[PDB]
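The structure appears below as structure tokens.
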Amino acid sequence: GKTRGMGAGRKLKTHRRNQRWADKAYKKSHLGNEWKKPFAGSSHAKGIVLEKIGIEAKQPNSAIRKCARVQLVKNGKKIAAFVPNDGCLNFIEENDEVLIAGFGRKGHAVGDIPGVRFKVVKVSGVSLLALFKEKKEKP
Amino acid sequence: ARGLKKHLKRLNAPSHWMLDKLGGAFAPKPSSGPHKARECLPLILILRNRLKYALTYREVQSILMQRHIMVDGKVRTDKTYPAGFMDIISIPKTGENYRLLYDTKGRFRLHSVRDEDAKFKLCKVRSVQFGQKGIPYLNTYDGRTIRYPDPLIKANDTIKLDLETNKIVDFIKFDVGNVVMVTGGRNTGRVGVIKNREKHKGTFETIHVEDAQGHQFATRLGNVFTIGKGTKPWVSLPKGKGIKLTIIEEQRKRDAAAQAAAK
Amino acid sequence: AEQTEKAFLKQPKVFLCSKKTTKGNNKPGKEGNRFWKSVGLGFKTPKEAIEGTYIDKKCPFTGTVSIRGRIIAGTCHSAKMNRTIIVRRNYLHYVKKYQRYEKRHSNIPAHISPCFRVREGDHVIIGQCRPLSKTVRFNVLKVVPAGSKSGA
RNA sequence: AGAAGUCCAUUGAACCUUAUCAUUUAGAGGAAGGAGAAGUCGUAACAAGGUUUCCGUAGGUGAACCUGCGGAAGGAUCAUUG
RNA sequence: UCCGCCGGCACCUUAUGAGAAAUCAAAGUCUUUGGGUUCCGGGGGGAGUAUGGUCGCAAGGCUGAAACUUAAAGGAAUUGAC
RNA sequence: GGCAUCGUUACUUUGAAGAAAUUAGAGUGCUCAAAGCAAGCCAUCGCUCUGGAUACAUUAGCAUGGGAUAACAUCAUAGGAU
RNA sequence: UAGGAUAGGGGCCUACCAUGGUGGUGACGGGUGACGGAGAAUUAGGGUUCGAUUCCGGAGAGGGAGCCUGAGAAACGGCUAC
RNA sequence: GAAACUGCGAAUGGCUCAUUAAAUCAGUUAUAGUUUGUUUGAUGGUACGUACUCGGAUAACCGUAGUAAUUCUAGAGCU
Ligand SMILES: [K+]
Ligand SMILES: [K+]
Ligand SMILES: [K+]
Ligand SMILES: [K+]
Ligand SMILES: [Mg+2]
Ligand SMILES: [Mg+2]
Ligand SMILES: [Mg+2]
Ligand SMILES: [Mg+2]
Ligand SMILES: [Mg+2]
Ligand SMILES: [Mg+2]
Ligand SMILES: [Mg+2]
Ligand SMILES: [Mg+2]
Ligand SMILES: [Mg+2]
Ligand SMILES: [Mg+2]
Ligand SMILES: [Mg+2]
Ligand SMILES: [Mg+2]
Ligand SMILES: [Mg+2]
Ligand SMILES: [Mg+2]
Ligand SMILES: [Mg+2]
Ligand SMILES: [Mg+2]
Ligand SMILES: [Mg+2]
Ligand SMILES: [Mg+2]
Ligand SMILES: [Mg+2]
Ligand SMILES: [Mg+2]
């Protein structure tokens, strides 16, 4: 089984160093690929609303999720961001200024929405929550 | 980096300078002088922080410029002059002859000696060799250098040195059975009697000392300072002279509560 | 003889042409004499250094170099050089997480005087000195041949 | 005493080609995975799945697959002193 | 033919043992955790695939990812249905 | 005060040297607290020498004692000890 | 080995000579979104992650290089060049 | 006592972390391998081949200016 010699510290250390790589989280963090994602290791990002789209919810659900195809200004990547809080697709217009955030599962699709990992947090410098509750008006 | 540094941060000050952490960004850097700038108490930390004579870094100057401070039998004005050990800070006018002695906790204490005992001091002795023209000289441990020393005097000895007429009055050799005060490390300020000296060819001469109250402790060849011949010191110790571990300090506090006040 | 270079090799401050006699003059190296000194630290000067004809300014006993600093014991690794050997210092590094020791080593170049005969695997004791080359900072002070310390 | 200037040596910025290393990206065409509530064609596997199933290897055909040789039971037999 | 010893291939009964269980006299002497040592696994796919390296005449072998996708895949046993 | 000349290490004990700040921690009624290193008292032409403690700080290095457990070569041409 | 230069040791540089030096106890090479430490977060214990930032040490003044003055600078709130 | 000559300081402090993976750095060493304004203590006999104290400049100042221009710059007269 294990090497229990008192003189075998190097063997145990090297074996653990080799075997840490099978870990999903450790390999995710120490491979450096997290910098090639659209956010490039950032909590939020900013973007321009390229277009407004809808995606059919995955089975067995049946609905149309009002997403938005936007383009990040920091690297130019094009991503789809969810728009929650029904009626909040109306606030978003064309080529508009939005603040995007992750969806919650750390680079994983959330819910029945196929392949969406971002949600719109702000539009034109105003939070979607304030507009939804009529606390603020779009400028 | 490219040269010398003229600033001392408060957090980088020596520990025995018990300085309030939120008192400022800087501490008074000790000037160049007889003592090593880490085992010294600058004059700024005497008229302030030890006596309430001065209140700021503006009245220490206001009383040094009046030439009111006479350390080691000489008027000194540099407020960061490094008075480092057993220096006779002799305040004239009021007459506050003080010997800088080491508290049992490594602190610095101004032991108020009598005036006639303030006309001399003692110095530890560094190497003794031949000068130019073959003239032997002393080269003590506080920057002092004395030409034509008595041939019996050797290294690591101690000398009783006069001030007005600077000449060696007498001396004590370094040998077992002599009173010694420790002036470095954790054992600072503890007086005792040397029991034996252990010699290691290459470094680290270790001295073993026996306390008056029965305790025993060791230290380096440095950090020790012979005080008196036999078991009788030549100077008045501040107080206690024993380590007084924490529990017996608690006992002293208890009996101080149970007496005097006692209510 | 010992002169195998394009310059005469001599011990500094040792006058080799005095007309007055010798062999009885203190501080060997006076009135014409090999200069040798004891390095101290409880080390014995070899007879091959006192009654020798070689000239080595980097030799600790008959040279200008003084031994001070660290004393290190080790084993000779490679001695294919001109008055220089490699000493292998084996030790154990404590991997703390696993509370276990791993064997480590470190080569140290040392200067060996012509009074010491050495072989690969000998047990050498060396002492730190001033830098003598790009990598040499130690001088060989004692050599014990491999497979020795016998007698009972 | 001594400036401009000049000679040799040295430190050497900077530019100009070749080669090489590292990073990102265009590309006609090919081709691979995955997802998709629309499908066409069969039924290879799960029951002895209607030819027991599966491994290595080789060939073949619209597709699952078929067949030759050796192996295994994870077999549908723990068994013929008859 | 009978008894005994050492070595081997197995078999039967039973846990007071272990185990998710099938079952195992070793797969036991494990939260009452440590005899020595080698190899090797980290949810299912992509995939033993891409590429580099290397051995081979070739077929191929050894070493061997990533983007992306997914909430299950799987083991043993139980009751029905077939 | 002697006086020698000696297998080497790991391990363990004791000591020393060890920056402060931070952490642990003694005292202290900033109105409490997070804090700060202050303060306290007869009701003074002042005193408590007022206090401004103490630990830990891997590993590596220096020194003292221990020799159980371990690693090296040393082990019968006597080239041994006296 | 002998000089030169330096405040000074040293292939630091020069002439001559020898063929050495490091490496599975990982040299050499590559990555770092790498200044190092005191320290920070979370902590049954062990641990895992972080450490640009006020204390210590190092390095830089757009990028390289050269230098004067001076006890101390290859200084840029000094000069010279690209 | 303005200005100016002379001396000293501006190599500390402040800011940042780009380069840098036994390299910086930490603990521990050595300089018998060196330099050190400064502070403190001590120590300075040979010049001889006017010493009751030697010499020439120069700034501030004053007045002739140049240039679009700058703590850019050239002449003259004092000390
Ligand atoms: K040098
Ligand atoms: K200067
Ligand atoms: K200066
Ligand atoms: K260090
Ligand atoms: Mg020494
Ligand atoms: Mg059939
Ligand atoms: Mg079928
Ligand atoms: Mg079938
Ligand atoms: Mg997996
Ligand atoms: Mg040389
Ligand atoms: Mg050469
Ligand atoms: Mg960096
Ligand atoms: Mg840092
Ligand atoms: Mg900042
Ligand atoms: Mg700093
Ligand atoms: Mg610099
Ligand atoms: Mg800039
Ligand atoms: Mg510069
Ligand atoms: Mg600036
Ligand atoms: Mg600067
Ligand atoms: Mg000036
Ligand atoms: Mg600075
Ligand atoms: Mg690298
Ligand atoms: Mg190193």
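Naming works like this for the structure tokens: A, B, ... for the chains as they're shown, residue 1 at the start of each chain, ligands 1 onward in shown order.
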Open item on the list: Show me which residues line ligand 1, defined as having an atom within 8 Å of a ligand atom where only C-alpha atoms (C1' of nucleotides) and all ligand atoms count, and present them as an MDAnalysis selection string.
Closed with: chainID G and resid 5:6 8:10 12
- [ ] Write out as a VMD selection string every residue belonging to chain F that has an atom at most 12 Å from any atom of chain A, counting only C-alpha atoms (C1' of nucleotides).
- [x] chain F and resid 10 70 to 71
Residues just named, written with N, CA and C atoms (P, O5', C5', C4', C3', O3' and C1' of nucleotides) as a PDB file, in the first residue's frame:
ATOM      1  P     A F  10      23.631  15.331  14.679  1.00  0.00           P
ATOM      2  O5'   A F  10      22.255  14.590  14.378  1.00  0.00           O
ATOM      3  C5'   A F  10      21.772  14.471  13.049  1.00  0.00           C
ATOM      4  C4'   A F  10      20.789  13.337  12.920  1.00  0.00           C
ATOM      5  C3'   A F  10      19.691  13.295  13.967  1.00  0.00           C
ATOM      6  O3'   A F  10      18.621  14.176  13.675  1.00  0.00           O
ATOM      7  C1'   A F  10      20.647  11.151  13.759  1.00  0.00           C
ATOM      8  P     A F  70      16.989  -1.049  16.985  1.00  0.00           P
ATOM      9  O5'   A F  70      17.068   0.071  15.860  1.00  0.00           O
ATOM     10  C5'   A F  70      18.170   0.133  14.971  1.00  0.00           C
ATOM     11  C4'   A F  70      18.171   1.421  14.190  1.00  0.00           C
ATOM     12  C3'   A F  70      19.366   1.642  13.282  1.00  0.00           C
ATOM     13  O3'   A F  70      19.250   0.958  12.048  1.00  0.00           O
ATOM     14  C1'   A F  70      18.978   3.593  14.545  1.00  0.00           C
ATOM     15  P     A F  71      20.479   0.087  11.495  1.00  0.00           P
ATOM     16  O5'   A F  71      21.342   1.132  10.662  1.00  0.00           O
ATOM     17  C5'   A F  71      20.802   1.770   9.515  1.00  0.00           C
ATOM     18  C4'   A F  71      21.684   2.898   9.045  1.00  0.00           C
ATOM     19  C3'   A F  71      23.168   2.580   8.938  1.00  0.00           C
ATOM     20  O3'   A F  71      23.489   1.945   7.713  1.00  0.00           O
ATOM     21  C1'   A F  71      22.849   4.677  10.017  1.00  0.00           C
TER      22        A F  71
END
Task: Spatial neighbours of stretch 75-79 of chain B, max dist 8 Å, only C-alpha atoms (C1' of nucleotides), sep filter under 4 positions, as a list in words - done: residues 31, 42, 43, 44, 60, 61, 64, 65, 67, 68, 69, 70 and 71 of chain B
Task: Distance query residue E:36 at most 9 Å, only C-alpha atoms (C1' of nucleotides), self and fewer than 2 positions along chain excluded, as a list in words - done: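 Contacts, with the query itself left out: residues 3, 4 and 5 of chain A.
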Include C-alpha atoms and write out the residues we just selected as an mmCIF file, in the first residue's frame.
data_model
loop_
_atom_site.group_PDB
_atom_site.id
_atom_site.type_symbol
_atom_site.label_atom_id
_atom_site.label_comp_id
_atom_site.auth_asym_id
_atom_site.auth_seq_id
_atom_site.Cartn_x
_atom_site.Cartn_y
_atom_site.Cartn_z
ATOM 1 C CA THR A 3 5.417 3.761 1.890
ATOM 2 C CA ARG A 4 5.859 4.155 5.649
ATOM 3 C CA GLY A 5 9.635 4.441 5.882
#
Task: Cut-off 12 Å, only C-alpha atoms (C1' of nucleotides) and all ligand atoms, neighbours of ligand 22 as an MDAnalysis selection string - done: (chainID B and resid 1:7) or (chainID G and resid 58:60) or (chainID H and resid 11:15)
Could you save the residues just selected, with N, CA and C atoms (P, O5', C5', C4', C3', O3' and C1' of nucleotides), as a PDB file, in the first residue's frame?
ATOM      1  N   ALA B   1      20.005  53.384   0.793  1.00  0.00           N
ATOM      2  CA  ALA B   1      20.557  52.340  -0.061  1.00  0.00           C
ATOM      3  C   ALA B   1      21.891  52.775  -0.651  1.00  0.00           C
ATOM      4  N   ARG B   2      21.904  53.959  -1.260  1.00  0.00           N
ATOM      5  CA  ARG B   2      23.130  54.519  -1.808  1.00  0.00           C
ATOM      6  C   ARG B   2      24.033  55.117  -0.739  1.00  0.00           C
ATOM      7  N   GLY B   3      23.562  55.204   0.501  1.00  0.00           N
ATOM      8  CA  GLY B   3      24.373  55.717   1.585  1.00  0.00           C
ATOM      9  C   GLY B   3      23.784  55.459   2.954  1.00  0.00           C
ATOM     10  N   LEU B   4      23.968  56.414   3.859  1.00  0.00           N
ATOM     11  CA  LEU B   4      23.535  56.258   5.237  1.00  0.00           C
ATOM     12  C   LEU B   4      22.070  56.651   5.395  1.00  0.00           C
ATOM     13  N   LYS B   5      21.493  56.233   6.516  1.00  0.00           N
ATOM     14  CA  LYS B   5      20.102  56.505   6.847  1.00  0.00           C
ATOM     15  C   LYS B   5      20.048  57.403   8.072  1.00  0.00           C
ATOM     16  N   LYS B   6      19.259  58.472   7.989  1.00  0.00           N
ATOM     17  CA  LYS B   6      19.157  59.451   9.063  1.00  0.00           C
ATOM     18  C   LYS B   6      17.835  59.367   9.815  1.00  0.00           C
ATOM     19  N   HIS B   7      17.032  58.337   9.564  1.00  0.00           N
ATOM     20  CA  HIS B   7      15.715  58.210  10.165  1.00  0.00           C
ATOM     21  C   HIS B   7      15.596  56.875  10.883  1.00  0.00           C
TER      22      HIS B   7
ATOM     23  P     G G  58      19.117  46.775   1.175  1.00  0.00           P
ATOM     24  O5'   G G  58      18.586  46.105  -0.169  1.00  0.00           O
ATOM     25  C5'   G G  58      19.249  44.981  -0.727  1.00  0.00           C
ATOM     26  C4'   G G  58      18.496  44.400  -1.897  1.00  0.00           C
ATOM     27  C3'   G G  58      18.315  45.308  -3.099  1.00  0.00           C
ATOM     28  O3'   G G  58      19.465  45.343  -3.924  1.00  0.00           O
ATOM     29  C1'   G G  58      16.273  44.213  -2.604  1.00  0.00           C
ATOM     30  P     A G  59      19.861  46.683  -4.709  1.00  0.00           P
ATOM     31  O5'   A G  59      18.763  46.794  -5.853  1.00  0.00           O
ATOM     32  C5'   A G  59      18.719  45.857  -6.918  1.00  0.00           C
ATOM     33  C4'   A G  59      17.491  46.054  -7.769  1.00  0.00           C
ATOM     34  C3'   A G  59      17.293  47.454  -8.328  1.00  0.00           C
ATOM     35  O3'   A G  59      18.016  47.658  -9.527  1.00  0.00           O
ATOM     36  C1'   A G  59      15.272  46.676  -7.369  1.00  0.00           C
ATOM     37  P     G G  60      18.476  49.129  -9.964  1.00  0.00           P
ATOM     38  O5'   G G  60      17.136  49.836 -10.452  1.00  0.00           O
ATOM     39  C5'   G G  60      16.498  49.452 -11.661  1.00  0.00           C
ATOM     40  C4'   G G  60      15.216  50.219 -11.868  1.00  0.00           C
ATOM     41  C3'   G G  60      15.339  51.733 -11.827  1.00  0.00           C
ATOM     42  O3'   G G  60      15.734  52.266 -13.079  1.00  0.00           O
ATOM     43  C1'   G G  60      13.506  51.031 -10.491  1.00  0.00           C
TER      44        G G  60
ATOM     45  P     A H  11      19.294  63.068  -2.992  1.00  0.00           P
ATOM     46  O5'   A H  11      20.527  62.207  -2.486  1.00  0.00           O
ATOM     47  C5'   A H  11      20.470  61.513  -1.247  1.00  0.00           C
ATOM     48  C4'   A H  11      20.795  60.055  -1.424  1.00  0.00           C
ATOM     49  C3'   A H  11      21.187  59.319  -0.152  1.00  0.00           C
ATOM     50  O3'   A H  11      20.838  57.939  -0.295  1.00  0.00           O
ATOM     51  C1'   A H  11      22.990  59.276  -1.654  1.00  0.00           C
ATOM     52  P     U H  12      19.308  57.447  -0.212  1.00  0.00           P
ATOM     53  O5'   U H  12      18.800  58.016   1.180  1.00  0.00           O
ATOM     54  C5'   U H  12      19.256  57.453   2.396  1.00  0.00           C
ATOM     55  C4'   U H  12      18.709  58.194   3.585  1.00  0.00           C
ATOM     56  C3'   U H  12      17.203  58.158   3.758  1.00  0.00           C
ATOM     57  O3'   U H  12      16.727  56.950   4.324  1.00  0.00           O
ATOM     58  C1'   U H  12      17.950  60.370   4.014  1.00  0.00           C
ATOM     59  P     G H  13      15.505  56.163   3.639  1.00  0.00           P
ATOM     60  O5'   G H  13      14.277  57.166   3.765  1.00  0.00           O
ATOM     61  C5'   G H  13      13.780  57.550   5.037  1.00  0.00           C
ATOM     62  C4'   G H  13      12.923  58.789   4.950  1.00  0.00           C
ATOM     63  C3'   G H  13      11.632  58.656   4.160  1.00  0.00           C
ATOM     64  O3'   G H  13      10.584  58.050   4.895  1.00  0.00           O
ATOM     65  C1'   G H  13      12.758  60.597   3.465  1.00  0.00           C
ATOM     66  P     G H  14       9.748  56.837   4.254  1.00  0.00           P
ATOM     67  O5'   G H  14       8.982  57.498   3.027  1.00  0.00           O
ATOM     68  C5'   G H  14       8.013  58.511   3.238  1.00  0.00           C
ATOM     69  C4'   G H  14       7.551  59.112   1.937  1.00  0.00           C
ATOM     70  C3'   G H  14       7.000  58.140   0.911  1.00  0.00           C
ATOM     71  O3'   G H  14       5.658  57.769   1.170  1.00  0.00           O
ATOM     72  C1'   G H  14       8.503  59.620  -0.140  1.00  0.00           C
ATOM     73  P     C H  15       5.169  56.263   0.908  1.00  0.00           P
ATOM     74  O5'   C H  15       5.196  56.120  -0.675  1.00  0.00           O
ATOM     75  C5'   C H  15       4.393  56.952  -1.495  1.00  0.00           C
ATOM     76  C4'   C H  15       4.649  56.689  -2.955  1.00  0.00           C
ATOM     77  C3'   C H  15       4.549  55.240  -3.390  1.00  0.00           C
ATOM     78  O3'   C H  15       3.212  54.821  -3.596  1.00  0.00           O
ATOM     79  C1'   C H  15       6.499  56.213  -4.304  1.00  0.00           C
TER      80        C H  15
END
Please, which residues have at least one atom within 8 Å of an atom of ligand 13, using only C-alpha atoms (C1' of nucleotides) and all ligand atoms, listed as a PDB file with C-alpha atoms (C1' of nucleotides), in the first residue's frame?
ATOM      1  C1'   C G  35       9.695  41.092  -5.434  1.00  0.00           C
ATOM      2  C1'   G G  36      11.578  37.889  -0.470  1.00  0.00           C
ATOM      3  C1'   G G  37      10.395  37.975   4.815  1.00  0.00           C
ATOM      4  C1'   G G  51       1.314  37.624   1.141  1.00  0.00           C
ATOM      5  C1'   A G  52       1.310  45.001  -4.466  1.00  0.00           C
TER       6        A G  52
END
Residues of chain G within 12 Å of ligand 2: nearest atom pair and distance (Å, one decimal) for each, counting only C-alpha atoms (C1' of nucleotides) and all ligand atoms, sorted by chain and number, as CSV?
residue,atom,partner,partner_atom_place_in_ligand_line,distance
G:69,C1',ligand 2,1 (K),8.7
G:70,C1',ligand 2,1 (K),4.8
G:71,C1',ligand 2,1 (K),6.6
G:72,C1',ligand 2,1 (K),8.1
G:73,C1',ligand 2,1 (K),11.9
Open item on the list: Write out as a PyMOL selection string the set of residues from stretch 82-122 of chain C that DSSP, computed on the backbone, places in strand (DSSP E).
Closed with: chain C and resi 85-88+91-95+100-104+107-111
Open item on the list: From the options A:22, A:50, A:55, A:6, which residue's atoms come nearest to chain E, counting only C-alpha atoms (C1' of nucleotides)?
Closed with: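 Of A:22, A:50, A:55, A:6, the one nearest chain E, counting only C-alpha atoms (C1' of nucleotides), is A:22.
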TODO: Compile the contact shell of residue G:56 as a ChimeraX atom specification: residues with an atom at most 10 Å away, counting only C-alpha atoms (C1' of nucleotides), same-chain residues fewer than 3 positions apart removed.
DONE: /B:12 /F:19-20 /G:37-38
TODO: Could you jot down the atom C1' of residue F:58 to atom CA of residue C:94 separation for me, Å, one decimal place?
DONE: 10.1 Å
Output the neighbourhood of ligand 21 as a PDB file with N, CA, C and O atoms (P, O5', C5', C4', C3', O3' and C1' of nucleotides), in the first residue's frame, that is, all protein and nucleic acid residues with some atom at most 10 Å from the ligand, counting only C-alpha atoms (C1' of nucleotides) and all ligand atoms.
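To be explicit, this is the file written out as out.pdb:
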ATOM      1  P     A H   4      22.057  85.928  -4.041  1.00  0.00           P
ATOM      2  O5'   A H   4      23.642  86.044  -4.106  1.00  0.00           O
ATOM      3  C5'   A H   4      24.287  86.608  -5.236  1.00  0.00           C
ATOM      4  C4'   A H   4      25.746  86.860  -4.960  1.00  0.00           C
ATOM      5  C3'   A H   4      26.535  85.668  -4.451  1.00  0.00           C
ATOM      6  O3'   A H   4      26.950  84.803  -5.491  1.00  0.00           O
ATOM      7  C1'   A H   4      26.993  87.544  -3.098  1.00  0.00           C
ATOM      8  P     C H   5      27.188  83.243  -5.200  1.00  0.00           P
ATOM      9  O5'   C H   5      28.668  83.188  -4.616  1.00  0.00           O
ATOM     10  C5'   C H   5      29.761  83.671  -5.378  1.00  0.00           C
ATOM     11  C4'   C H   5      31.004  83.820  -4.540  1.00  0.00           C
ATOM     12  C3'   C H   5      31.466  82.582  -3.797  1.00  0.00           C
ATOM     13  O3'   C H   5      32.150  81.651  -4.614  1.00  0.00           O
ATOM     14  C1'   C H   5      31.537  84.430  -2.345  1.00  0.00           C
ATOM     15  P     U H   6      31.991  80.077  -4.337  1.00  0.00           P
ATOM     16  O5'   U H   6      32.429  79.903  -2.816  1.00  0.00           O
ATOM     17  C5'   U H   6      33.792  80.000  -2.437  1.00  0.00           C
ATOM     18  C4'   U H   6      33.979  79.787  -0.957  1.00  0.00           C
ATOM     19  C3'   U H   6      33.465  78.475  -0.397  1.00  0.00           C
ATOM     20  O3'   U H   6      34.324  77.381  -0.654  1.00  0.00           O
ATOM     21  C1'   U H   6      32.791  80.233   1.011  1.00  0.00           C
ATOM     22  P     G H   7      33.703  75.924  -0.912  1.00  0.00           P
ATOM     23  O5'   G H   7      33.101  75.510   0.501  1.00  0.00           O
ATOM     24  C5'   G H   7      33.945  75.327   1.627  1.00  0.00           C
ATOM     25  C4'   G H   7      33.154  74.952   2.854  1.00  0.00           C
ATOM     26  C3'   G H   7      32.197  73.785   2.696  1.00  0.00           C
ATOM     27  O3'   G H   7      32.844  72.531   2.797  1.00  0.00           O
ATOM     28  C1'   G H   7      31.109  75.558   3.817  1.00  0.00           C
ATOM     29  P     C H   8      32.278  71.262   1.994  1.00  0.00           P
ATOM     30  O5'   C H   8      30.879  70.961   2.690  1.00  0.00           O
ATOM     31  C5'   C H   8      30.818  70.531   4.040  1.00  0.00           C
ATOM     32  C4'   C H   8      29.406  70.547   4.568  1.00  0.00           C
ATOM     33  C3'   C H   8      28.386  69.740   3.787  1.00  0.00           C
ATOM     34  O3'   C H   8      28.448  68.351   4.050  1.00  0.00           O
ATOM     35  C1'   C H   8      27.480  71.852   4.304  1.00  0.00           C
TER      36        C H   8
END
Open item on the list: Give me, as JSON, numbers by chain, all polymer residues having an atom no more than 10 Å from residue D:14, counting only C-alpha atoms (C1' of nucleotides) and skipping those fewer than 4 positions away in the same chain.
Closed with: {"G": [64, 65, 81, 82]}
Those selected residues, please, written with N, CA, C and O atoms (P, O5', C5', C4', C3', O3' and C1' of nucleotides) and delivered as a PDB file, in the first residue's frame.
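Result file is again29.pdb:
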ATOM      1  P     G G  64      15.108  48.766 -18.778  1.00  0.00           P
ATOM      2  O5'   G G  64      16.287  48.582 -19.823  1.00  0.00           O
ATOM      3  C5'   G G  64      17.595  49.028 -19.520  1.00  0.00           C
ATOM      4  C4'   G G  64      18.437  49.110 -20.762  1.00  0.00           C
ATOM      5  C3'   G G  64      19.869  49.568 -20.565  1.00  0.00           C
ATOM      6  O3'   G G  64      20.721  48.556 -20.065  1.00  0.00           O
ATOM      7  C1'   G G  64      18.938  50.744 -22.359  1.00  0.00           C
ATOM      8  P     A G  65      21.721  48.889 -18.857  1.00  0.00           P
ATOM      9  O5'   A G  65      22.828  49.818 -19.522  1.00  0.00           O
ATOM     10  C5'   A G  65      23.576  49.364 -20.637  1.00  0.00           C
ATOM     11  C4'   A G  65      24.344  50.482 -21.295  1.00  0.00           C
ATOM     12  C3'   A G  65      25.331  51.233 -20.423  1.00  0.00           C
ATOM     13  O3'   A G  65      26.550  50.532 -20.252  1.00  0.00           O
ATOM     14  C1'   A G  65      24.089  52.761 -21.733  1.00  0.00           C
ATOM     15  P     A G  81      23.674  65.376 -25.395  1.00  0.00           P
ATOM     16  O5'   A G  81      23.670  63.924 -26.046  1.00  0.00           O
ATOM     17  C5'   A G  81      24.753  63.498 -26.856  1.00  0.00           C
ATOM     18  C4'   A G  81      24.698  62.020 -27.153  1.00  0.00           C
ATOM     19  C3'   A G  81      23.398  61.481 -27.718  1.00  0.00           C
ATOM     20  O3'   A G  81      23.252  61.754 -29.100  1.00  0.00           O
ATOM     21  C1'   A G  81      24.217  60.015 -26.053  1.00  0.00           C
ATOM     22  P     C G  82      21.794  61.914 -29.750  1.00  0.00           P
ATOM     23  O5'   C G  82      21.266  60.420 -29.881  1.00  0.00           O
ATOM     24  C5'   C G  82      21.942  59.481 -30.702  1.00  0.00           C
ATOM     25  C4'   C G  82      21.391  58.090 -30.519  1.00  0.00           C
ATOM     26  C3'   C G  82      19.884  57.951 -30.643  1.00  0.00           C
ATOM     27  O3'   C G  82      19.441  57.900 -31.987  1.00  0.00           O
ATOM     28  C1'   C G  82      20.623  56.792 -28.727  1.00  0.00           C
TER      29        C G  82
END
